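*Asks:* Once you've had a glance at the structure underneath, I'll fire off some questions.
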Amino acid sequence: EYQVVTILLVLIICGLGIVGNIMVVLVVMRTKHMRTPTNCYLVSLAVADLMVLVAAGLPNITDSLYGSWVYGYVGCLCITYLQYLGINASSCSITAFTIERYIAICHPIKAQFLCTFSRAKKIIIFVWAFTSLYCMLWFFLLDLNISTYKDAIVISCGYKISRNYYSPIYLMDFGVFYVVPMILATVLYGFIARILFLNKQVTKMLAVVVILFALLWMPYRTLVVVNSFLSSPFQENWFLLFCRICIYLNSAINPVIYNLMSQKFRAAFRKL
Amino acid sequence: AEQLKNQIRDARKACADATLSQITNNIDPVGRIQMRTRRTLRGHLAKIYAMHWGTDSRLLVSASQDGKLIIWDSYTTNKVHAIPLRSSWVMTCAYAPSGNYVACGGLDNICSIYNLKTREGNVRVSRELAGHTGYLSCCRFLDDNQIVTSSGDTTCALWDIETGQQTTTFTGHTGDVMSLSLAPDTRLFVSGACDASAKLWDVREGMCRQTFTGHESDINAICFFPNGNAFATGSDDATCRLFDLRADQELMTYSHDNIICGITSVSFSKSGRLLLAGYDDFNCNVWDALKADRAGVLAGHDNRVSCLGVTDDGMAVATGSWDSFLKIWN
Amino acid sequence: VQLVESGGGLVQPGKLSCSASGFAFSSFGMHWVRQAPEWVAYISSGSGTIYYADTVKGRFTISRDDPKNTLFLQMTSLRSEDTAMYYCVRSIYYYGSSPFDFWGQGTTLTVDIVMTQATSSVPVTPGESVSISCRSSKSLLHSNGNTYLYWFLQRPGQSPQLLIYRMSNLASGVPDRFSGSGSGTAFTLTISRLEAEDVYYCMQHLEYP
Amino acid sequence: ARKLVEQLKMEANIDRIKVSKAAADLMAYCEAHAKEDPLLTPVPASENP
Amino acid sequence: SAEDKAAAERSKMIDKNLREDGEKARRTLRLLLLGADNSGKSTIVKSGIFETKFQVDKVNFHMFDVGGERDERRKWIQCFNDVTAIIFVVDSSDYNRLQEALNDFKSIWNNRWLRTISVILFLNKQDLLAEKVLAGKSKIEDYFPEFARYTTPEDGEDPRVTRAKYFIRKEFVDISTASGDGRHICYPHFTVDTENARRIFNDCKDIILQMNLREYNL
């Protein structure tokens with residue numbers, strides 16, 4: 001049927017990132033380098049792209065055939081806190097990597113003295129604490145409900161309060177995790193292009209990152225944010241499954257866009 | 001004197017009855033043993049060049065590129081002293097048998113000697129031994145008033161800390177002398193030179209008693225067997241070998257047939273059946289000195305390992321490396 | 001090489017300054033042992049550890065000072081138990097170090113684990129190989145195996161010294177006629193071949209008062 | 001040249017025994033200390049810190 | 001026990017007095033000054049290891065002229081492999097002091113320990129070679145045998161010496177670009193005048209940037 005084929009479209013692109021992010025950590029944590037800050041700024045993304053695939057890619061595989069929260073209440077607090085944590089840490093350890101990447105290129109003589117492995121831990125333990133402070137806030141506004149009109153008393157893992165009253169959690173995650181990595185990677189990658197035009201074969205791959213991380217987070221962050229304003233929330237299967245098949249597709253290319261297109265990771269992988 | 005050098009090659013290497021592998025064929029080996037990182041003596045912040053185990057087997061110095069000499073406690077991972085160096089390009093360090101003196105030597109052709117147990121509580125330099133014309137590659141301690149010193153101008157000295165000048169000078173090398181080690185019977189020492197030769201000198205006489213050859217590249221690691229009747233070298237051509245003083249040949253060749261990175265440091269055990277060896281492939285090795293096998297691997301470093309030593313009782317093995325992490329194994 | 005204290009204030013009950021002129025006293029502990037006719041503190045260098053006395057523990061303060069090496073106490077509710085001579089000690093610990101290797105002056109201000117042996121009236125005669133033995137209760141084969149033992153030398157002079165630290169070993173500046181042997185929870189100290197200028201004290205170090 | 005030949009007789013006129021007993025006494029030191037070696041035989045935790 | 005709870009408070013103060021002395025040896029870009037033989041190595045910027053220092057626009061440089069036993073470089077060169085740039089000064093006037101530098105440049109470049117360090121190749125005494133072609137002796141064709149077929153593109157002015165000074169510079173970068181692999185590349189210059197204290201800071205910013213292109217995965 002329709003949803004029988006999308007039990008594969010969800011579970012193979014949440015599987016190629018669930019093998020691609022394991023391909024990150026076995027390259028980082030089992031090589032004999034000095035653990036450079038870019039080896040540390042990506043494991044902060046390789047354990048945040050796991051939780052939106054191994055804890056968000058398959059409450060869709062085990063619930064496409066049921067329609068209710070199969071995990072009940074022991075999951076719909078403890079697994080949906082790990083769905084809003086693989087979102088706000090796989091898009092907030094991006095704007096902490098872009099700022100470390102622009103400072104290292106457009107100010108390289110002022111960034112051999114700041115960027116250190118002891119300083120990459122200072123931000124990543126910070127940026128995981130400051131987003132665990134935000135995803136645990138969901139707990140007091142998250143509980144499932146039951147609907148008795150579809151085929152039986154069946155509904156899945158929804159919202160405890162009315163949907164229109166769930167507005168400002170969805171905009172302070174919009175304006176911090178979508179418009180900041182789409183503006184501070186548009187400005188701070190054109191600055192690399194102005195530097196690389198004064199002395200330029202990699203500036204096309206750098207122009208992919210600005211588009212690919214603003215067109216794959218575009219439909220989810222505009223459909224969730226419009227249901228805070230719509231009197232009747234959008235609920236069809238042909239569009240909601242598409243607006244979060246790109247969320248899994250964004251976190252399956254982060255071991256490819258940020259990692260595999262490098263020069264030193266490929267030689268590090270070739271020795272292991 | 002071209003034909004006279006062939007008289008040594010027929011009297012030192014042709015007098016061999018057998019090899020060493022035919023002796024250790026029927027010997028039950030250690031087979032497979034494994035050390036483990038008990039301690040991790042972090043705190044340095046540059047490449048580490050030398051360490052030396054103290055006499056009480058619970059103290060060790062470490063010399064690093066950042067210009068610091070640091071005495072450690074090997075039990076509680078405890079730093080004892082911080083000795084700031086004059087010239088930060090240090091390539092060697094030393095520990096006295098009394099435990100009262102340490103001594104470094106660097107690129108500045110100068111051997112400083114520090115006194116640990118002063119009455120003012122600090123650590124201050126006792127006698128700064130200037131008088132070499134090249135970089136100082138190794139330095140040792142016979143007693144609290146005698147120090148032998150290799151350097152980077154083919155000259156090994158033999159100082160006297162009270163007076164200050166060389167009482168003896170061991171000339172007779174071509175390149176540099178990169179490392180040296182005193183014997184347990186402390187009236188003899190050996191020196192591994194940068195011209196692929198190893199010279200057995202003599203403290204009391206003053207002339208070099210023997211000269212050993214065989215390495216292709218330059219010897220940067222030497223240490224005595226604890227009986228004082230043998231010693232094992234290590235050069236940059238990725239091969240170690242153990243000679244002998246009463247036979248003047250190469251009895252045991254500790255060649256790893258699948259590695260290409262050069263040996264940086266070598267020290268025997270406290271019993272003479274664990275040849276530790278610090279290589280350039282970012283990790284150490286363990287060689288059973290009897291049967292010439294790879295009985296263990298101390299893979300715990302990420303850059304090259306430059307210094308390595310075994311205590312007097314046999315308690316531990318501390319290996320330092322270029323990633324500023326010195327690690328005690330057991 | 002040198003160390004000095006200052007004071008001896010006679011006042012009604014209810015500040016004696018040291019000065020380590022010629023030392024590295026930014027790398028020394030700073031005790032004050034009483035031995036009235038038994039500590040006060042262990043202000044370590046890098047002042048994050050200030051123990052205090054068994055008699056008060058909340059007053060009779062003592063304030064660290066690094067640059068001019070101004071180790072003093074603070075006169076805060078002085079009692080009749082601290083009416084003693086405080087010997088500031090150039091003791092600092094590392095494996096090989098000798099606590100009480102140097103010692104200050106007996107400034108003489110006239111304001112737990114039991115190792116009890118007073119014997120406070122013993123005349124002396126030379127020649128005989130005498131042997132004092134202060135033993136203690138618990139087994140001093142410690143978790144680190146280093147006995148915090150009890151034999152500290154003194155003299156009829158106005159300042160103490162050390163004979164037998166950790167029940168065996170000799171200090172710096174004292175003669176070598178003193179000696180000793182021991183075992184678990186015991187010590188047999190052999191002070192032999194006596195001579196002129198030879199009181200004597202035995203106190204613990206295991207825990208702060 | 002003129003000093004090397006005199007400095008070569010000090011390393012040429014010495015007696016050299018065979019390598020068999022030179023390695024047999026190498027093993028004779030090895031057998032006597034193969035018990036008091038805390039790294040050769042992994043002795044238990046009675047004295048290893 | 002008050003002993004090892006104080007012999008470890010000592011170890012936490014010898015800990016905090018290396019990470020305040022290790023944040024000062026990481027703020028200066030070290031260099032490695034290396035002339036050939038009286039080639040003006042001391043006249044470019046202006047104990048037994050002559051360490052000269054200079055700063056330009058708040059960036060401290062430390063150059064390490066090693067006046068050791070000889071120019072063997074067999075073992076003291078590996079102590080400088082954590083460095084930003086070697087500096088190879090060579091006087092361009094003589095012709096016995098250029099073909100000796102060609103033998104002294106394939107030893108530094110084709111090496112093992114300097115394989116991530118790029119040479120800021122200085123050229124000095126070119127106003128004693130332009131003042132040695134108006135003299136008309138000019139044995140560049142006699143000393144260098146394959147000199148006579150060399151054009152002079154992309155350049156007082158004289159095309160005879162412009163073809164000459166571009167010949168040795170293309171001879172300098174010939175042994176450079178053979179095996180450089182993009183990690184490290186030469187940076188030749190032209191000059192004994194004071195306009196080169198900026199020409200190193202302007203060049204080390206393209207040495208760090210060629211590392212951070214490979215470091216931060218760009």
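In the structure tokens, each chain is lettered A, B, ... as it comes, each chain's residues begin at 1, and ligands are numbered from 1 in order of appearance.
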Identify, on the basis of only C-alpha atoms, every residue whose closest approach to residue 176 in chain C does not exceed 10 Å; exclude the query and any residue fewer than 4 positions from it along the same chain; express the result as a PDB file with C-alpha atoms, in the first residue's frame.

*Replies:*
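Writing done, so here's result-v4.pdb:
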ATOM      1  CA  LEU C 163      65.841  12.732  65.805  1.00  0.00           C
ATOM      2  CA  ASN C 169      65.323   8.104  59.986  1.00  0.00           C
ATOM      3  CA  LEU C 170      67.461  11.110  60.905  1.00  0.00           C
ATOM      4  CA  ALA C 171      66.893  14.812  60.250  1.00  0.00           C
ATOM      5  CA  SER C 172      69.137  17.499  58.736  1.00  0.00           C
ATOM      6  CA  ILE C 191      69.657   6.107  71.102  1.00  0.00           C
ATOM      7  CA  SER C 192      73.128   4.767  71.865  1.00  0.00           C
TER       8      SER C 192
END

*Asks:* What lies within 12 Å of residue 48 in chain D using only C-alpha atoms, ignoring chain neighbours under 2 positions off, as a PyMOL selection string?

*Replies:* (chain B and resi 38+57-58+74-75+313-316+329-330) or (chain C and resi 144) or (chain D and resi 37-39+42-46)

*Asks:* So which one's closest to chain E, B:176, B:248, B:108, B:160? Using only C-alpha atoms, please.

*Replies:*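 Ranking B:176, B:248, B:108, B:160 by distance to chain E, first place goes to B:108.
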
*Asks:* Any idea which chain A residues end up within 8 Å of chain E if we count only C-alpha atoms, as a PDB file with N, CA, C and O atoms, in the first residue's frame please?

*Replies:*
ATOM      1  N   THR A  38      38.013  19.847  15.385  1.00  0.00           N
ATOM      2  CA  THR A  38      37.078  19.353  14.384  1.00  0.00           C
ATOM      3  C   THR A  38      36.829  17.855  14.509  1.00  0.00           C
ATOM      4  O   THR A  38      35.844  17.358  13.959  1.00  0.00           O
ATOM      5  N   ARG A 101      34.792  27.327  12.251  1.00  0.00           N
ATOM      6  CA  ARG A 101      35.370  27.146  10.926  1.00  0.00           C
ATOM      7  C   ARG A 101      35.651  28.468  10.230  1.00  0.00           C
ATOM      8  O   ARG A 101      36.634  28.573   9.490  1.00  0.00           O
ATOM      9  N   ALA A 104      38.756  30.057  11.962  1.00  0.00           N
ATOM     10  CA  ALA A 104      39.988  29.369  11.603  1.00  0.00           C
ATOM     11  C   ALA A 104      40.456  29.679  10.188  1.00  0.00           C
ATOM     12  O   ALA A 104      41.630  29.453   9.886  1.00  0.00           O
ATOM     13  N   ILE A 105      39.588  30.186   9.319  1.00  0.00           N
ATOM     14  CA  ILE A 105      39.951  30.457   7.929  1.00  0.00           C
ATOM     15  C   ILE A 105      40.177  31.938   7.686  1.00  0.00           C
ATOM     16  O   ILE A 105      41.239  32.341   7.214  1.00  0.00           O
ATOM     17  N   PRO A 108      43.283  33.143  10.452  1.00  0.00           N
ATOM     18  CA  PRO A 108      44.027  31.931  10.826  1.00  0.00           C
ATOM     19  C   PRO A 108      45.180  32.192  11.775  1.00  0.00           C
ATOM     20  O   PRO A 108      45.544  31.301  12.552  1.00  0.00           O
ATOM     21  N   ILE A 109      45.748  33.399  11.767  1.00  0.00           N
ATOM     22  CA  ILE A 109      46.840  33.718  12.682  1.00  0.00           C
ATOM     23  C   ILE A 109      46.310  34.136  14.043  1.00  0.00           C
ATOM     24  O   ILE A 109      47.078  34.202  15.010  1.00  0.00           O
ATOM     25  N   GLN A 112      45.112  30.050  15.673  1.00  0.00           N
ATOM     26  CA  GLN A 112      45.968  28.984  16.169  1.00  0.00           C
ATOM     27  C   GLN A 112      46.223  29.166  17.656  1.00  0.00           C
ATOM     28  O   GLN A 112      46.828  28.303  18.299  1.00  0.00           O
ATOM     29  N   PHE A 113      45.751  30.282  18.213  1.00  0.00           N
ATOM     30  CA  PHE A 113      46.028  30.615  19.603  1.00  0.00           C
ATOM     31  C   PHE A 113      44.783  30.452  20.465  1.00  0.00           C
ATOM     32  O   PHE A 113      44.868  30.493  21.697  1.00  0.00           O
ATOM     33  N   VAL A 202      36.887  24.333  -3.605  1.00  0.00           N
ATOM     34  CA  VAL A 202      36.044  23.756  -2.562  1.00  0.00           C
ATOM     35  C   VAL A 202      34.873  24.668  -2.223  1.00  0.00           C
ATOM     36  O   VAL A 202      33.979  24.268  -1.461  1.00  0.00           O
ATOM     37  N   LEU A 206      31.105  24.132  -0.277  1.00  0.00           N
ATOM     38  CA  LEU A 206      30.705  25.045   0.784  1.00  0.00           C
ATOM     39  C   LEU A 206      29.415  25.782   0.448  1.00  0.00           C
ATOM     40  O   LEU A 206      28.701  26.204   1.362  1.00  0.00           O
ATOM     41  N   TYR A 258      29.686  17.260   6.088  1.00  0.00           N
ATOM     42  CA  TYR A 258      30.679  17.811   7.000  1.00  0.00           C
ATOM     43  C   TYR A 258      31.881  16.903   7.194  1.00  0.00           C
ATOM     44  O   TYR A 258      32.928  17.377   7.642  1.00  0.00           O
ATOM     45  N   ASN A 259      31.760  15.617   6.882  1.00  0.00           N
ATOM     46  CA  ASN A 259      32.789  14.655   7.255  1.00  0.00           C
ATOM     47  C   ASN A 259      33.483  14.028   6.055  1.00  0.00           C
ATOM     48  O   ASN A 259      34.710  14.104   5.956  1.00  0.00           O
ATOM     49  N   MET A 261      33.577  14.625   2.801  1.00  0.00           N
ATOM     50  CA  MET A 261      34.162  15.486   1.781  1.00  0.00           C
ATOM     51  C   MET A 261      35.460  16.151   2.230  1.00  0.00           C
ATOM     52  O   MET A 261      35.946  17.054   1.540  1.00  0.00           O
ATOM     53  N   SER A 262      36.032  15.724   3.351  1.00  0.00           N
ATOM     54  CA  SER A 262      37.280  16.272   3.862  1.00  0.00           C
ATOM     55  C   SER A 262      38.467  15.707   3.088  1.00  0.00           C
ATOM     56  O   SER A 262      38.318  14.959   2.117  1.00  0.00           O
ATOM     57  N   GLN A 263      39.672  16.063   3.523  1.00  0.00           N
ATOM     58  CA  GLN A 263      40.898  15.494   2.987  1.00  0.00           C
ATOM     59  C   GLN A 263      41.614  14.583   3.968  1.00  0.00           C
ATOM     60  O   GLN A 263      42.259  13.624   3.540  1.00  0.00           O
ATOM     61  N   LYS A 264      41.512  14.852   5.270  1.00  0.00           N
ATOM     62  CA  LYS A 264      42.216  14.064   6.272  1.00  0.00           C
ATOM     63  C   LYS A 264      41.372  12.950   6.873  1.00  0.00           C
ATOM     64  O   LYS A 264      41.937  11.987   7.401  1.00  0.00           O
TER      65      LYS A 264
END

*Asks:* Could you name the residues that touch residue 197 in chain C at 12 Å or less, counting only C-alpha atoms, but leaving out those on the same chain fewer than 4 positions away, as a list in words?

*Replies:*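 Returned residues: residues 124, 125, 126, 153, 154, 155, 156, 157, 174, 175 and 177 of chain C.
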
*Asks:* Once you count only C-alpha atoms, which residues of chain B turn out to be within 7 Å of chain D? Could you give them as a ChimeraX atom specification?

*Replies:* /B:1,8,12,15-18,20,75,209-211,227,246-248,251,270-273,314-315,330

*Asks:* Take the residues from that selection and put them in a file with N, CA and C atoms, as a short mmCIF file (atom, residue, chain, number, x, y, z; two decimals), in the first residue's frame.

*Replies:*
data_model
loop_
_atom_site.label_atom_id
_atom_site.label_comp_id
_atom_site.auth_asym_id
_atom_site.auth_seq_id
_atom_site.Cartn_x
_atom_site.Cartn_y
_atom_site.Cartn_z
N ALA B 1 95.62 2.48 7.75
CA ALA B 1 95.06 1.55 8.72
C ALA B 1 93.80 0.89 8.18
N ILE B 8 90.07 -6.80 13.30
CA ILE B 8 89.01 -6.83 14.31
C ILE B 8 87.84 -7.67 13.80
N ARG B 12 86.67 -10.61 16.36
CA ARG B 12 85.53 -10.29 17.20
C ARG B 12 84.24 -10.97 16.75
N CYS B 15 84.86 -15.47 15.91
CA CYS B 15 85.06 -16.38 17.04
C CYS B 15 83.75 -16.89 17.62
N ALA B 16 82.63 -16.68 16.94
CA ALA B 16 81.33 -17.13 17.44
C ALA B 16 81.19 -18.64 17.26
N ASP B 17 80.72 -19.31 18.31
CA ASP B 17 80.49 -20.75 18.22
C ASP B 17 79.16 -21.05 17.55
N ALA B 18 78.12 -20.29 17.89
CA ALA B 18 76.78 -20.50 17.35
C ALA B 18 76.10 -19.14 17.27
N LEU B 20 72.46 -16.91 18.87
CA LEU B 20 71.68 -16.86 20.10
C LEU B 20 70.32 -17.54 19.96
N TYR B 75 53.59 6.32 42.59
CA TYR B 75 52.50 5.64 43.27
C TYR B 75 51.20 6.44 43.14
N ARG B 209 87.58 1.08 24.80
CA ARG B 209 88.09 -0.29 24.86
C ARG B 209 87.64 -1.12 23.66
N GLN B 210 86.44 -0.87 23.14
CA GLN B 210 85.92 -1.64 22.02
C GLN B 210 85.02 -0.76 21.16
N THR B 211 84.77 -1.23 19.94
CA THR B 211 83.92 -0.53 18.99
C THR B 211 83.06 -1.55 18.25
N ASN B 227 73.21 -7.47 34.13
CA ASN B 227 74.41 -8.14 34.61
C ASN B 227 75.68 -7.38 34.26
N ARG B 246 82.11 -9.63 26.33
CA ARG B 246 83.13 -10.67 26.31
C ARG B 246 83.26 -11.36 24.96
N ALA B 247 82.32 -11.13 24.04
CA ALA B 247 82.34 -11.77 22.74
C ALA B 247 82.48 -10.81 21.57
N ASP B 248 82.07 -9.54 21.74
CA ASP B 248 82.30 -8.45 20.78
C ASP B 248 81.64 -8.70 19.43
N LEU B 251 75.00 -10.90 18.98
CA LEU B 251 74.40 -12.20 19.29
C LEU B 251 72.91 -12.21 18.98
N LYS B 270 64.42 -5.43 35.11
CA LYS B 270 65.23 -5.65 36.30
C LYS B 270 65.66 -7.10 36.45
N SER B 271 65.43 -7.92 35.43
CA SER B 271 65.82 -9.32 35.46
C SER B 271 66.50 -9.71 34.16
N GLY B 272 66.27 -8.93 33.11
CA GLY B 272 66.93 -9.16 31.84
C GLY B 272 66.17 -10.05 30.89
N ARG B 273 64.84 -10.05 30.99
CA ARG B 273 64.00 -10.77 30.04
C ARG B 273 62.78 -9.95 29.65
N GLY B 314 61.80 -3.72 39.65
CA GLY B 314 61.08 -4.32 38.54
C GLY B 314 59.61 -4.01 38.59
N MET B 315 59.26 -2.94 39.30
CA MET B 315 57.86 -2.69 39.64
C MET B 315 57.05 -2.28 38.42
N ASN B 330 52.34 -1.85 34.03
CA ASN B 330 52.62 -2.86 35.04
C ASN B 330 52.03 -4.22 34.68
#

*Asks:* Would you list the contacts of residue 229 in chain B as an MDAnalysis selection string, taking every protein, DNA or RNA residue within 8 Å and counting only C-alpha atoms, but skipping same-chain residues closer than 3 positions in sequence?

*Replies:* (chainID B and resid 224:226 244:246) or (chainID D and resid 26)

*Asks:* The selected residues should be written to file as a compact mmCIF listing (two decimals), in the first residue's frame (atoms: N, CA, C and O atoms).

*Replies:*
# COMPACT_ATOMS: atom_id res chain seq x y z
N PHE B 224 72.32 -0.94 29.07
CA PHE B 224 72.98 -2.17 29.53
C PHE B 224 72.00 -3.25 29.96
O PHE B 224 70.92 -2.97 30.49
N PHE B 225 72.39 -4.49 29.72
CA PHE B 225 71.81 -5.63 30.42
C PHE B 225 72.16 -5.52 31.90
O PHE B 225 73.25 -5.05 32.24
N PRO B 226 71.26 -5.92 32.81
CA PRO B 226 71.51 -5.69 34.24
C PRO B 226 72.65 -6.51 34.85
O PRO B 226 73.02 -6.24 36.00
N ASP B 244 77.50 -8.11 23.08
CA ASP B 244 78.05 -8.65 24.31
C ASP B 244 79.49 -8.18 24.42
O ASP B 244 80.19 -8.02 23.41
N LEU B 245 79.93 -7.96 25.66
CA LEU B 245 81.24 -7.38 25.93
C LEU B 245 82.36 -8.41 25.88
O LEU B 245 83.47 -8.08 25.44
N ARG B 246 82.11 -9.63 26.33
CA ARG B 246 83.13 -10.67 26.31
C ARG B 246 83.26 -11.36 24.96
O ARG B 246 84.24 -12.08 24.74
N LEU D 26 74.28 -15.06 30.09
CA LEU D 26 73.19 -14.11 29.93
C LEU D 26 71.88 -14.72 30.41
O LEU D 26 71.03 -14.03 30.98

*Asks:* Pick out the chain B residues within 6 Å of chain C. Count only C-alpha atoms. Give them as a PyMOL selection string.

*Replies:* chain B and resi 80+119-122

*Asks:* Assign secondary structure with DSSP using the backbone only, and return the residues of range 22-113 of chain E in strand (DSSP E) as a list in words.

*Replies:*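 Written out, the strand (DSSP E) residues of range 22-113 of chain E are residues 29, 30, 31, 32, 33, 34, 49, 50, 51, 52, 53, 54, 55, 60, 61, 62, 63, 64, 65, 66, 85, 86, 87, 88, 89, 90 and 91 of chain E.
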
*Asks:* Considering only C-alpha atoms, give me a table of residues in chain E that are at most 10 Å from chain B, with the closest atom pair and distance in Å for each, as a tab-separated table.

*Replies:*
residue	atom	partner	partner_atom	distance
E:4	CA	B:76	CA	8.0
E:7	CA	B:78	CA	7.0
E:8	CA	B:78	CA	5.8
E:9	CA	B:78	CA	8.8
E:10	CA	B:79	CA	7.0
E:11	CA	B:79	CA	4.5
E:12	CA	B:79	CA	7.9
E:13	CA	B:79	CA	8.7
E:14	CA	B:79	CA	6.3
E:15	CA	B:43	CA	6.0
E:16	CA	B:43	CA	8.7
E:17	CA	B:82	CA	8.3
E:18	CA	B:44	CA	7.0
E:19	CA	B:45	CA	7.4
E:21	CA	B:66	CA	8.2
E:22	CA	B:45	CA	6.0
E:23	CA	B:45	CA	9.1
E:24	CA	B:66	CA	9.8
E:25	CA	B:66	CA	7.2
E:26	CA	B:45	CA	9.7
E:47	CA	B:108	CA	5.5
E:48	CA	B:108	CA	5.0
E:49	CA	B:108	CA	6.0
E:50	CA	B:108	CA	9.4
E:66	CA	B:107	CA	8.9
E:67	CA	B:134	CA	9.3
E:68	CA	B:134	CA	5.8
E:69	CA	B:134	CA	5.6
E:70	CA	B:134	CA	9.1
E:72	CA	B:175	CA	9.4
E:74	CA	B:194	CA	9.0
E:75	CA	B:194	CA	8.8
E:76	CA	B:107	CA	7.8
E:79	CA	B:89	CA	7.4
E:80	CA	B:89	CA	9.3
E:82	CA	B:47	CA	9.3

*Asks:* Given only C-alpha atoms, how would the per-residue table for chain E near chain C read, listing every residue at most 7 Å away with its closest atom pair and distance in Å to one decimal, sorted by chain and number, as CSV?

*Replies:*
residue,atom,partner,partner_atom,distance
E:1,CA,C:206,CA,5.6
E:2,CA,C:207,CA,6.2
E:3,CA,C:93,CA,6.2
E:6,CA,C:93,CA,6.6
E:7,CA,C:93,CA,5.0

*Asks:* What is the distance, in Å and to one decimal place, between CA of residue 236 in chain B and CA of residue 266 in chain B?

*Replies:*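 Calculated distance between CA of residue 236 in chain B and CA of residue 266 in chain B is 12.2 Å.
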
*Asks:* Provide the CA of residue 237 in chain A to CA of residue 88 in chain A distance in Å, to one decimal place.

*Replies:*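 For CA of residue 237 in chain A relative to CA of residue 88 in chain A, the distance reads 24.4 Å.
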
*Asks:* I'd like the interatomic distance between CA of residue 9 in chain B and CA of residue 214 in chain B, to a tenth of an Å.

*Replies:* 11.2 Å
